[PDB]
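Peer 1: What follows is a structure written as structure tokens; I'll ask about it next.
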Protein chains: 2
Amino acid sequence: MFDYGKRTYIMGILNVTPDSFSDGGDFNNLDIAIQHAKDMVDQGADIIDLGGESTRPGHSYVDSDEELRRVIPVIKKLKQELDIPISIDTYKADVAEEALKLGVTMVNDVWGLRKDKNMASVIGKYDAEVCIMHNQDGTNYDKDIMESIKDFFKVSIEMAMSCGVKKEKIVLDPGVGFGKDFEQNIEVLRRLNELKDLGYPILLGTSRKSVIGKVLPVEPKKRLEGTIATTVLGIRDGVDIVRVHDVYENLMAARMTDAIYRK
Amino acid sequence: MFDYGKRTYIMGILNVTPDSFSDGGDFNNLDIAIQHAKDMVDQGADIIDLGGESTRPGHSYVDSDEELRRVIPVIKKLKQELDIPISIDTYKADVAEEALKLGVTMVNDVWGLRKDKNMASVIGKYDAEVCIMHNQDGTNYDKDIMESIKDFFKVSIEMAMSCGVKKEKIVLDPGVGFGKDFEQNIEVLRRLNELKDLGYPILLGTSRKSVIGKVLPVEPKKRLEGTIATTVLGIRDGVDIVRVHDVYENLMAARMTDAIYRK
Ligand SMILES: Nc1nc(O)c2nc(CNc3ccc(C(=O)O)cc3)cnc2n1
Ligand SMILES: Nc1nc(O)c2nc(CNc3ccc(C(=O)O)cc3)cnc2n1
């Protein structure tokens, strides 16, 4: 969908769980969510990542009916009021399916096709783009952490292909903050360029995460300059897309980095 | 002076030319300048770079008597009111000399000892630290730009040594924005790690410069995320000290970068 290699692309985050709003009942949450997306697009987002379940640590599981009730109305308004690609942040195949029928472009799966056995064939079925993100429970790795991550991608890519997903539709993401402690997260960021060998576009998400908070012990929103650092280093290491809360600031840093390393 | 390699050090900029103040007469400018330095120290500056002549493009030349009248009172108050190292941003040996007699730690010479034949022996005489910055008039280079820069450092380092300057006192700086157009500035930033071969600590200054403005065409103060990008890339490339207007923001990015690459 994006012209990979020409520049860095920015994915803005739109969470529409109840905790995401001042008033989690308010019938105006739908319009608030849409205003937030209009703002991110004006700040220069290339795609919006919409989620109805939070994968942020110790948020609760949402059943897929509930998840769809949160995202379906937002997708409909986005699609009519805003000319922007949408990504659906879900690991559930039934959620993805409904989203894709409504014209969402990409499934962002934070379990990398492993949590729902139907996810790969849904992606194939709609010819969707997918982000395959590395994830696991706990922080144990018997091999080199970057070797494990690459092994995991190989298996997920083969699952995708067995269901007729085209290679050009896949984006990989190393899953900062997922199945990884501080040191492992640092190590993955340091070695991120090793993922370029697999030949696929890379997506990175660090924005406001605890890996930054451990270096910069301020409240999440005040970690922006850490996130900008990882955006910048990521692009130098081959990152194509960054998933961020603060679209304008990360885009400005990304343009500066693009001007130095992209041809 | 700094424990090079342990972390990135931050140099805050303190310009005390008349244009630097709301009211360039006001007898309170001295106290305003000192408040600005107290602020930078609280934001985490490691050293303050004080200048009484602006080397920003198309600012006028200041004679050294005038330059000293601007900086001497500021150095005296800094030295009594603030426990922070000071750098004197001057290419004039007589200015440097007076500053060094008052307890300034480093001479920051934006002509890399070439504009004043006495500068090297002044540095030697006081056992000062020096930043030797690459500079030239116009933008012509017959050799590879990084080869020219390194050749220039070799000559300036030999001048310093002939006057008994110790090797451990020298810091090099490639002089972004000086004798270099957009493309050359980009190229130097891209190749900055080649300067690590000379074995010396490196200082970088990009903050608010036109090289960033050409990628991010906003007013100088609004170029902060570009500057943060160059701080981050610089540290990865071996930079030890960054010279910045916005101390807190660059320090936060530098700590994030230090946590990823420094051992
Ligand atoms: N593709 C993709 N890539 C991500 O990196 C990501 N992150 C989240 C949010 N996840 C986390 C994880 C950990 C932490 C913490 O340690 O603080 C915070 C948030 C949600 N969707 C995501 N999708
Ligand atoms: N050591 C050191 N290193 C610097 O990089 C530096 N820069 C300035 C300020 N110089 C400039 C140059 C060019 C530009 C523009 O193109 O906009 C702006 C400011 C003053 N002292 C400096 N000292």
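Residue numbering restarts at 1 for every chain of the structure tokens, chains are lettered A, B, ... in their displayed order, and ligands are numbered from 1 as they appear.
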Select the residues contacting ligand 2 at a distance of at most 6 Å, based on only C-alpha atoms and all ligand atoms, then format the selection as JSON, numbers by chain.
Peer 2: {"B": [55, 56, 57, 108, 110, 133, 173, 175, 176, 177, 178, 204, 205, 206, 209, 210, 211]}
Peer 1: Determine which residues of chain A sit within 6 Å of chain B, taking into account only C-alpha atoms, and present them as number ranges by chain.
Peer 2: A: 186, 190, 225-226, 229, 253, 256, 260
Peer 1: Using only C-alpha atoms, which protein or nucleic acid residues come within 12 Å of residue 25 (chain A)? Drop anything in the same chain fewer than 6 positions from it, and give the result as an mmCIF file with N, CA, C and O atoms, in the first residue's frame.
Peer 2:
```cif
data_model
loop_
_atom_site.group_PDB
_atom_site.id
_atom_site.type_symbol
_atom_site.label_atom_id
_atom_site.label_comp_id
_atom_site.auth_asym_id
_atom_site.auth_seq_id
_atom_site.Cartn_x
_atom_site.Cartn_y
_atom_site.Cartn_z
ATOM 1 N N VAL A 16 -10.186 2.898 21.370
ATOM 2 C CA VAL A 16 -11.556 3.324 21.633
ATOM 3 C C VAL A 16 -12.159 2.429 22.712
ATOM 4 O O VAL A 16 -13.370 2.297 22.769
ATOM 5 N N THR A 17 -11.310 1.859 23.558
ATOM 6 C CA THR A 17 -11.797 1.288 24.815
ATOM 7 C C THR A 17 -12.428 2.391 25.670
ATOM 8 O O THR A 17 -12.126 3.591 25.510
ATOM 9 N N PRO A 18 -13.264 1.983 26.626
ATOM 10 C CA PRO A 18 -13.903 2.918 27.560
ATOM 11 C C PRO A 18 -12.915 3.813 28.333
ATOM 12 O O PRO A 18 -13.134 5.040 28.356
ATOM 13 N N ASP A 19 -11.840 3.238 28.892
ATOM 14 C CA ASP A 19 -10.766 3.986 29.618
ATOM 15 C C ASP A 19 -10.131 5.017 28.686
ATOM 16 O O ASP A 19 -9.425 5.899 29.150
ATOM 17 N N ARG A 70 -17.400 -1.618 19.564
ATOM 18 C CA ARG A 70 -16.560 -0.431 19.735
ATOM 19 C C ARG A 70 -15.994 0.010 18.385
ATOM 20 O O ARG A 70 -16.000 1.211 18.108
#
```
Peer 1: Quick one: residues within 12 Å of region 155-159 of chain A, only C-alpha atoms, excluding same-chain residues fewer than 5 positions away - as a PyMOL selection string?
Peer 2: chain A and resi 109-124+130-135+148-150+164-173+198-200
Peer 1: Write the selection just made, keeping C-alpha atoms, as a CSV table (one decimal), in the first residue's frame?
Peer 2:
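File produced: part_27.csv:
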```
chain,number,residue,atom,x,y,z
A,109,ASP,CA,-2.1,-8.7,14.7
A,110,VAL,CA,-0.1,-8.5,18.0
A,111,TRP,CA,0.1,-12.3,18.1
A,112,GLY,CA,1.4,-12.7,14.6
A,113,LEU,CA,-1.3,-15.0,13.4
A,114,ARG,CA,-0.8,-17.4,16.4
A,115,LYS,CA,-3.8,-16.7,18.6
A,116,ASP,CA,-6.5,-17.3,16.1
A,117,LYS,CA,-6.2,-20.3,13.7
A,118,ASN,CA,-8.6,-18.5,11.3
A,119,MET,CA,-6.6,-15.2,11.1
A,120,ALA,CA,-4.3,-16.2,8.2
A,121,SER,CA,-7.2,-17.4,6.0
A,122,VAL,CA,-9.2,-14.2,6.8
A,123,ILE,CA,-6.2,-12.1,5.6
A,124,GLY,CA,-5.9,-14.2,2.5
A,130,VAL,CA,-1.0,-7.7,7.7
A,131,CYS,CA,1.4,-6.7,10.3
A,132,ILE,CA,2.9,-9.8,11.9
A,133,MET,CA,4.2,-8.9,15.3
A,134,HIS,CA,6.5,-11.1,17.5
A,135,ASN,CA,4.9,-11.9,20.9
A,148,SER,CA,14.0,-16.6,18.0
A,149,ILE,CA,12.2,-13.6,16.6
A,150,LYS,CA,13.3,-14.4,13.1
A,164,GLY,CA,-2.6,-17.6,-0.1
A,165,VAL,CA,-1.4,-14.3,1.5
A,166,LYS,CA,0.9,-12.6,-1.0
A,167,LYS,CA,4.5,-11.8,0.3
A,168,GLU,CA,4.1,-8.2,-0.7
A,169,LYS,CA,1.2,-7.8,1.9
A,170,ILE,CA,3.4,-8.7,4.9
A,171,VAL,CA,5.0,-6.2,7.3
A,172,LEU,CA,7.0,-7.5,10.4
A,173,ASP,CA,7.3,-6.0,13.8
A,198,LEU,CA,14.2,-11.2,6.0
A,199,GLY,CA,13.4,-8.8,3.1
A,200,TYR,CA,10.1,-7.5,4.5
```
Peer 1: Which polymer residues have any atom within 12 Å of an atom of residue 30 (chain A), counting only C-alpha atoms, with same-chain residues fewer than 6 positions away left out, as an MDAnalysis selection string?
Peer 2: chainID A and resid 14:18 20:21 23:24 36:37 69:78
Peer 1: Find the residues around residue 95 (chain B) up to 9 Å (only C-alpha atoms counted), leave out those fewer than 5 positions away in its own chain, and share them as a compact mmCIF listing (two decimals) with C-alpha atoms, in the first residue's frame.
Peer 2:
```
# COMPACT_ATOMS: atom_id res chain seq x y z
CA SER B 64 37.74 41.83 21.15
CA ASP B 65 37.38 44.73 23.63
CA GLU B 67 33.49 40.97 23.08
CA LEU B 68 35.21 40.98 26.55
CA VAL B 71 31.44 38.13 28.43
CA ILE B 88 34.17 30.44 25.79
CA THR B 90 35.62 32.76 20.68
CA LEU B 100 40.80 31.53 30.91
```
Peer 1: Please identify the helix (DSSP H, G or I) residues within region 156-244 of chain A (assignment by DSSP from backbone atoms) and present them as JSON, numbers by chain.
Peer 2: {"A": [156, 157, 158, 159, 160, 161, 162, 167, 168, 169, 182, 183, 184, 185, 186, 187, 188, 189, 190, 192, 193, 194, 195, 196, 197, 198, 210, 211, 212, 213, 220, 221, 222, 223, 224, 225, 226, 227, 228, 229, 230, 231, 232, 233, 234, 235, 236]}
Peer 1: Mind dumping the selected residues with N, CA and C atoms as a CSV table (one decimal), in the first residue's frame?
Peer 2:
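Saved as result.csv:
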```csv
chain,number,residue,atom,x,y,z
A,156,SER,N,5.2,-17.8,11.0
A,156,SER,CA,4.0,-17.0,10.7
A,156,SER,C,3.9,-16.7,9.3
A,157,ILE,N,5.1,-16.4,8.6
A,157,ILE,CA,5.0,-16.1,7.2
A,157,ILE,C,4.6,-17.3,6.4
A,158,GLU,N,5.0,-18.5,6.8
A,158,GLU,CA,4.6,-19.8,6.1
A,158,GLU,C,3.1,-20.0,6.3
A,159,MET,N,2.6,-19.8,7.6
A,159,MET,CA,1.1,-19.8,7.8
A,159,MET,C,0.4,-18.9,6.8
A,160,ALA,N,0.9,-17.7,6.8
A,160,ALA,CA,0.2,-16.7,5.9
A,160,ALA,C,0.3,-17.3,4.4
A,161,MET,N,1.4,-17.8,4.0
A,161,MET,CA,1.5,-18.2,2.6
A,161,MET,C,0.6,-19.5,2.3
A,162,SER,N,0.5,-20.4,3.3
A,162,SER,CA,-0.3,-21.5,3.1
A,162,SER,C,-1.8,-21.2,2.9
A,167,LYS,N,3.3,-12.3,-0.5
A,167,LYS,CA,4.5,-11.8,0.3
A,167,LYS,C,4.5,-10.3,0.4
A,168,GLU,N,4.0,-9.6,-0.7
A,168,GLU,CA,4.1,-8.2,-0.7
A,168,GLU,C,3.1,-7.6,0.4
A,169,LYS,N,2.2,-8.4,1.0
A,169,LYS,CA,1.2,-7.8,1.9
A,169,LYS,C,1.7,-7.8,3.3
A,182,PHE,N,13.3,-5.4,30.0
A,182,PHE,CA,14.0,-4.1,29.7
A,182,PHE,C,15.2,-4.4,28.8
A,183,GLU,N,16.1,-5.3,29.3
A,183,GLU,CA,17.3,-5.6,28.7
A,183,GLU,C,17.1,-6.2,27.3
A,184,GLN,N,16.0,-7.0,27.2
A,184,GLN,CA,15.8,-7.7,25.9
A,184,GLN,C,15.2,-6.6,24.9
A,185,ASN,N,14.4,-5.7,25.4
A,185,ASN,CA,13.8,-4.7,24.6
A,185,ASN,C,15.0,-3.8,24.0
A,186,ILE,N,15.9,-3.4,24.9
A,186,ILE,CA,17.1,-2.6,24.6
A,186,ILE,C,17.9,-3.4,23.5
A,187,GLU,N,18.1,-4.7,23.7
A,187,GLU,CA,18.9,-5.4,22.8
A,187,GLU,C,18.3,-5.5,21.4
A,188,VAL,N,16.9,-5.7,21.4
A,188,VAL,CA,16.2,-5.8,20.1
A,188,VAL,C,16.3,-4.5,19.4
A,189,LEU,N,16.2,-3.3,20.1
A,189,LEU,CA,16.3,-2.0,19.5
A,189,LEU,C,17.7,-1.8,18.9
A,190,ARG,N,18.7,-2.2,19.7
A,190,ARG,CA,20.1,-2.1,19.3
A,190,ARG,C,20.4,-3.0,18.0
A,192,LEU,N,18.1,-4.1,15.8
A,192,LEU,CA,16.9,-4.1,15.0
A,192,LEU,C,17.3,-4.3,13.5
A,193,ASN,N,18.4,-3.8,13.1
A,193,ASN,CA,18.8,-3.9,11.6
A,193,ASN,C,19.0,-5.3,11.2
A,194,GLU,N,19.2,-6.3,12.1
A,194,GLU,CA,19.3,-7.7,11.7
A,194,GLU,C,18.0,-8.2,11.0
A,195,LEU,N,16.9,-7.6,11.3
A,195,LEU,CA,15.6,-8.0,10.7
A,195,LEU,C,15.5,-7.6,9.2
A,196,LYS,N,16.4,-6.7,8.8
A,196,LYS,CA,16.3,-6.4,7.3
A,196,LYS,C,16.6,-7.6,6.4
A,197,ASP,N,17.4,-8.6,7.0
A,197,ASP,CA,17.8,-9.7,6.1
A,197,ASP,C,16.5,-10.5,5.7
A,198,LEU,N,15.4,-10.4,6.4
A,198,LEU,CA,14.2,-11.2,6.0
A,198,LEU,C,13.6,-10.6,4.7
A,210,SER,N,7.1,1.2,28.7
A,210,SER,CA,7.8,1.1,30.0
A,210,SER,C,9.3,1.0,29.7
A,211,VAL,N,9.7,0.5,28.5
A,211,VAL,CA,11.1,0.4,28.2
A,211,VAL,C,11.7,1.8,28.2
A,212,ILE,N,11.0,2.8,27.7
A,212,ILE,CA,11.4,4.2,27.7
A,212,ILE,C,11.3,4.7,29.1
A,213,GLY,N,10.2,4.4,29.8
A,213,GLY,CA,10.0,4.9,31.2
A,213,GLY,C,11.0,4.5,32.2
A,220,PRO,N,3.8,8.6,31.2
A,220,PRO,CA,3.9,8.1,29.8
A,220,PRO,C,3.9,9.2,28.8
A,221,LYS,N,3.1,10.2,28.9
A,221,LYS,CA,3.0,11.2,27.8
A,221,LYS,C,4.3,12.1,27.7
A,222,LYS,N,5.0,12.2,28.8
A,222,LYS,CA,6.2,13.0,28.9
A,222,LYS,C,7.4,12.1,28.5
A,223,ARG,N,7.2,10.9,27.9
A,223,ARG,CA,8.3,10.1,27.4
A,223,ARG,C,8.6,10.5,25.9
A,224,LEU,N,8.0,11.5,25.4
A,224,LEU,CA,8.0,11.8,23.9
A,224,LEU,C,9.5,11.8,23.4
A,225,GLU,N,10.5,12.4,24.1
A,225,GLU,CA,11.8,12.5,23.4
A,225,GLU,C,12.4,11.1,23.4
A,226,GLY,N,12.1,10.2,24.3
A,226,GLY,CA,12.6,8.8,24.2
A,226,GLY,C,12.0,8.1,23.0
A,227,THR,N,10.7,8.4,22.7
A,227,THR,CA,10.1,7.7,21.6
A,227,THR,C,10.7,8.3,20.3
A,228,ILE,N,10.9,9.6,20.3
A,228,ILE,CA,11.5,10.2,19.1
A,228,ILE,C,12.9,9.6,18.9
A,229,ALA,N,13.6,9.3,20.0
A,229,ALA,CA,14.9,8.7,19.8
A,229,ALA,C,14.8,7.3,19.1
A,230,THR,N,13.8,6.5,19.5
A,230,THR,CA,13.6,5.1,19.0
A,230,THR,C,13.1,5.2,17.5
A,231,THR,N,12.2,6.2,17.3
A,231,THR,CA,11.8,6.4,15.9
A,231,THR,C,13.0,6.6,15.0
A,232,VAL,N,13.9,7.5,15.4
A,232,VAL,CA,15.1,7.9,14.6
A,232,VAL,C,16.1,6.8,14.4
A,233,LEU,N,16.4,6.1,15.4
A,233,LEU,CA,17.3,4.9,15.4
A,233,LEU,C,16.6,3.8,14.5
A,234,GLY,N,15.3,3.6,14.7
A,234,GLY,CA,14.6,2.6,14.0
A,234,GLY,C,14.7,2.9,12.5
A,235,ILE,N,14.5,4.1,12.1
A,235,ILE,CA,14.5,4.4,10.6
A,235,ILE,C,15.9,4.1,10.1
A,236,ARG,N,16.9,4.5,10.9
A,236,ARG,CA,18.3,4.2,10.4
A,236,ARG,C,18.5,2.7,10.3
```
Peer 1: To one decimal place in Å, what is the distance between CA of residue 140 (chain B) and CA of residue 52 (chain B)?
Peer 2: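 These atoms are spaced 29.0 Å apart.
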Peer 1: Running DSSP on the backbone, which parts of region 81-138 of chain A land in strand (DSSP E or B), as number ranges by chain?
Peer 2: A: 86-89, 106-109, 129-133
Peer 1: Mind dumping the selected residues with C-alpha atoms as a compact mmCIF listing (two decimals), in the first residue's frame?
Peer 2:
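Generated output (selection_37.txt):
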```txt
# COMPACT_ATOMS: atom_id res chain seq x y z
CA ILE A 86 -7.15 2.11 8.49
CA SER A 87 -5.45 -0.70 10.31
CA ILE A 88 -7.41 -2.89 12.73
CA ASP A 89 -5.48 -3.74 15.83
CA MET A 106 -4.47 -3.85 7.17
CA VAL A 107 -4.81 -6.24 10.10
CA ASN A 108 -2.39 -5.44 12.84
CA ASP A 109 -2.06 -8.75 14.73
CA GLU A 129 -2.19 -6.32 4.38
CA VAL A 130 -1.01 -7.74 7.67
CA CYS A 131 1.42 -6.73 10.31
CA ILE A 132 2.89 -9.82 11.91
CA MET A 133 4.18 -8.90 15.29
```
Peer 1: Can you work out the spacing between CA of residue 83 (chain A) and atom 22 (C, counted along the ligand's line) of ligand 1 in Å, to one decimal?
Peer 2: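 Calculated distance between CA of residue 83 (chain A) and atom 22 (C, counted along the ligand's line) of ligand 1 is 22.5 Å.
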Peer 1: Determine the nearest neighbour of ligand 1 from the options A:103, A:51, A:5, A:201, counting only C-alpha atoms and all ligand atoms.
Peer 2: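 Selected residue with least distance to ligand 1: A:51.
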